[PDB]
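A.B. asks: Quick one: structure below, then a few questions.
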Amino acid sequence: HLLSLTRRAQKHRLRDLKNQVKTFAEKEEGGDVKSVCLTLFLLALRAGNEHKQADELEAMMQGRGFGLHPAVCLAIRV
DNA sequence: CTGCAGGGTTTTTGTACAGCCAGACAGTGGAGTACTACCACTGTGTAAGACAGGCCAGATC
């Protein structure tokens, strides 16, 4: 039941998946694992995501937050 | 049918080579950090009813 096992079982559960992903990256996008695996979530979730899919996906390195400028906080408070 | 027992199945759980990045450690000098205490003072308490005395007005002989 895929809830809490460690790395070295999912390893061979998805060896073929990651080999195919690397093959596709080498064929079409050069082989950048990060850019492929970050975008994999977009369409797989977006078939049926509520709205939080987009938030947690844009929660990437960009943005970012550290928090709002103190002026915006002051405006919220007053 | 039950019970246990060699081994199978596939799957885990971990140790194994071996190279290498990410963040903690020490420190510093002090800053600005961030979190606490101290200080007087607030709000929600919120209306009729019982009893004693004085007196007056209407009924009676």
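Okay, so the first sequence: first residue is 414 according to the authors' numbering, each after it adds one. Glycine is no exception: its CB is placed at the ideal position from the N, C-alpha and C atoms.
(1) Between the stretch 482-489 and the stretch 453-473, do at least 3 Cβ pairs fall closer than 8 Å?
(2) Would the beta-carbon of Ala460 fall within 7 Å of that of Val449?
(3) Taking the continuous alpha helix (DSSP H) assigned at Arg428, which residues delimit it?
(4) Which runs of the alpha helix (DSSP H) spanning at least 4 residues fall entirely within the stretch 416-485, listed in chain order?
(5) Whole angstroms is fine: what's the gap from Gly444's alpha carbon to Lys431's?
C.D. replies: To lay it out plainly:
(1) These segments do not touch.
(2) No. Outside cutoff.
(3) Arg428: member of the alpha helix (DSSP H) spanning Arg428 to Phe437, first to last residue.
(4) The stretch 416-485 contains these whole alpha helix (DSSP H) runs: 420-426, 428-437, 446-459 and 465-471.
(5) Distance between the alpha carbons of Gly444 and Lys431: 12 Å.
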